[PDB]
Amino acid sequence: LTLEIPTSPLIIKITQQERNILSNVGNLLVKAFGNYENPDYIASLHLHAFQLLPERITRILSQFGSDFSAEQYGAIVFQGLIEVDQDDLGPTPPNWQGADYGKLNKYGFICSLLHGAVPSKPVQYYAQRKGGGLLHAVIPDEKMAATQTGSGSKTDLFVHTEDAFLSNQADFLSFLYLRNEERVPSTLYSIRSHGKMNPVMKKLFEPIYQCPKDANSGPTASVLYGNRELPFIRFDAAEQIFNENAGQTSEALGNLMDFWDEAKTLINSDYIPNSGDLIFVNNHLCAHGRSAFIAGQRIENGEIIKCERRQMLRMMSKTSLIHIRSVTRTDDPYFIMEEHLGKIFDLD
């Protein structure tokens, strides 16, 4: 019978036994490898992922990695993946630069294991903080309050797939919420929520769209690619549509406007992540964002509740080092040097 169109992500309630295993597995890996960027750990990542993760998590992620069917949302919420000791974590640093990665080391092991079970290899992009490592602290900055970045707060972060301007954008993403006391909803948008291929969607297969770099003669790409009936997406609502300098053709902007009108009714803002929740996303199916918020506060019965500022950890991964090899550093096949749709950063 009828197709069952996904409108929300799969919600997995992590158990106390699973939390405890992940903690003690994380603690063992820190003692064994020191840090999650250790080359000996990375080379044997999939082995540790499949051997050390709780069975149910491994099944969920293994199934998800190869699932591009009509019923797949392209996002999983792992509720209560970790217990965050808020007093040990201490105050949120002023910016991402202030993050203590010694503190976050266990979290980066746990996150890399989740990517390893897909299977997928964690990667870093020069397009993102000159690399910034395999794990990124996403903290609101007062200086970059009304910006279209993770460092943003005061404004809503319109739905986007990560790095729509790169031909070698992340395959999978994980967002580990350490703190979300402001109670900011995590917005998600799946191309699968559209259902069957329609004429509005078909126009997005044309490589007539500008994909500008993060907040004239640039190269163009297709918004939809992959299988013609069940496609993959590269989309940035703020950079491709709502940016004056997008440099779109009238035909291209119209097709993007027509698409946006359909897509915006499908955005899911129902999920407000709690501390210790992780959102695992297939970056080719599901776009992400987050609503506008005043960092360090929430409002209850018309009263301002001051709180600790939002703190989230982002990890990105690629399922094949082979494909991206032309754009990665010679001395590091996990470091992507791509700047814009095939073009590589010219440093000297």
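Rigid core: the largest C-alpha set superposing within 1.5 Å between the two forms. Quick note: we count residues from 1 along the sequence shown, nothing fancier.
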Figure out for me whether 148-156 or 219-227 is the more displaced stretch in 4 other deposited structures of this protein, taking RMS C-alpha distance from the shown form once the rigid core is superposed. 148-156
Returned stretch for higher CA RMS in 4 other deposited structures of this protein, core superposition, given 131-139 and 157-165, is 157-165
Unmodelled stretch from the deposited sequence between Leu266 and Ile267, which bin: none, 1 to 3, 4 to 9, 10 or more? none
Would you determine, from the values in the PDB entry, which of 1-9 and 337-345 has the greater average C-alpha temperature factor? 1-9
Stretch with higher mean Cα temperature factor, 152-160 vs 69-77, is 152-160
Go through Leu173, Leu176, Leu224, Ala146 one by one and give the residue whose Cα B-factor in the PDB entry is largest. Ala146
Candidate set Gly254, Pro273, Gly98, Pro122 [ranked by C-alpha B-factor, highest]: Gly98
Here the Cα B-factor of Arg310, set against its chain, lands in the third termed middle
Ranked by Cα temperature factor within the chain, is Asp141 in the lowest third, the middle third or the highest third? highest
Lowest, middle or highest third - CA B-factor, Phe109: middle
Where does the C-alpha B-factor of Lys318 rank in its chain, lowest, middle or highest third? lowest
Can you work out whether the C-alpha temperature factor of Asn216 puts it in the lowest, middle or highest third of the chain? highest
